[PDB]
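Presented below, as structure tokens, is a lone chain in the form deposited in one PDB entry.
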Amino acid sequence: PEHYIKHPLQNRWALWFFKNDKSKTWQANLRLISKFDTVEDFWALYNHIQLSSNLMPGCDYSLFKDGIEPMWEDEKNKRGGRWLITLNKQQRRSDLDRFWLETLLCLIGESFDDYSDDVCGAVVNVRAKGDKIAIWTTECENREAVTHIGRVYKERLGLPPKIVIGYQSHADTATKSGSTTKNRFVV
């Protein structure tokens, strides 16, 4: 049995790609790459595609549970938010790919116990002005869930205690009267 069965995942996942081509629609630009629901199918996809560090600036990968669009206004994201990891240009080289793989593994591996159900997806943004990785969750007001996810994710990335990462609500980000978005939680 272990000699021939694929190892199912708790959830079915969809990998998306976005190219920020300003001369086309954000509908023609967003793109389902593929869906998978086993560990082996995850690896076959990951091995076939570019590392984030090799994408052109302005591109995203997004891994979301099947049925959740990688867009904050989706029913399952609209009341939620994201644990944001910001990276500088030198971390593109040292940390981006390793942090993104670890993020994928936390999602597909259900690494947040009961609270993995609050996870919607994850996004990596490749940008000239700084790369970003984030885990999106369903409800900002689920304080225990959001906090546990943040604590485990920080530990999995190996970030030291002196580094603070913030959780920002999507609605706050969309409607901020200023430059920076305020946090709902930090870890």
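Residues that one form lacks are left out of the comparison. If you superpose the two forms and keep the largest set of C-alpha atoms that fall within 1.5 Å, you have the rigid core. Quick note: we count residues from 1 along the sequence shown, nothing fancier.
Trainee: What about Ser179, is it left unmodelled in a third or more of the other PDB entries we looked at?
Mentor: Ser179: unmodelled in at least a third of the other compared entries.
Trainee: Look up the CA B-factors in the entry and say which stretch, 90-98 or 103-111, has the higher mean.
Mentor: Mean C-alpha B-factor is greater for 90-98.
Trainee: Identify the stretch, either 135-143 or 23-31, whose C-alpha atoms have the larger mean B-factor according to the entry.
Mentor: In the deposited entry, the stretch with the higher C-alpha B-factor mean is 23-31.
Trainee: Check the PDB entry and point out which of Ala171, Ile163, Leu9, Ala14 has the largest C-alpha temperature factor.
Mentor: In the PDB entry, the greatest C-alpha B-factor among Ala171, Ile163, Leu9, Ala14 is found at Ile163.
Trainee: Hey, what third does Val123 fall into on Cα B-factor, ranked over its chain?
Mentor: As the PDB entry reports it, the C-alpha B-factor of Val123 lands in the lowest third of its chain.
Trainee: By the recorded C-alpha temperature factor, relative to the other modelled residues in its chain, which third is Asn47 in?
Mentor: CA B-factor rank for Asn47: middle third.
Trainee: Could you tell me which third, lowest, middle or highest, the C-alpha B-factor of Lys65 occupies within its chain?
Mentor: Lowest third of the chain for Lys65's C-alpha B-factor.
Trainee: Would the CA B-factor of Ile149 place it in the lowest, middle or highest third of its chain?
Mentor: According to the entry, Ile149 has a C-alpha B-factor in the chain's lowest third.
There is another form of the same protein, the form deposited in another entry; it is not shown, and what comes next is about it.
Trainee: State yes or no: after fitting on the rigid core, is the Cα displacement of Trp26 between the shown form and the other one at least 2 Å?
Mentor: Yes.
Trainee: So the C-alpha spacing of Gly130 and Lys22 changes by 3 Å or more in the other entry; is that change toward closer or farther than shown?
Mentor: Between the C-alphas of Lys22 and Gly130, the gap widens in the other entry (3 Å or more compared with this form).
Trainee: Once the rigid core is fitted, tell me which blocks of three or more consecutive residues have Cα atoms all displaced by 2 Å or more between the shown form and the other one.
Mentor: Moving stretch: 21-28 alone.
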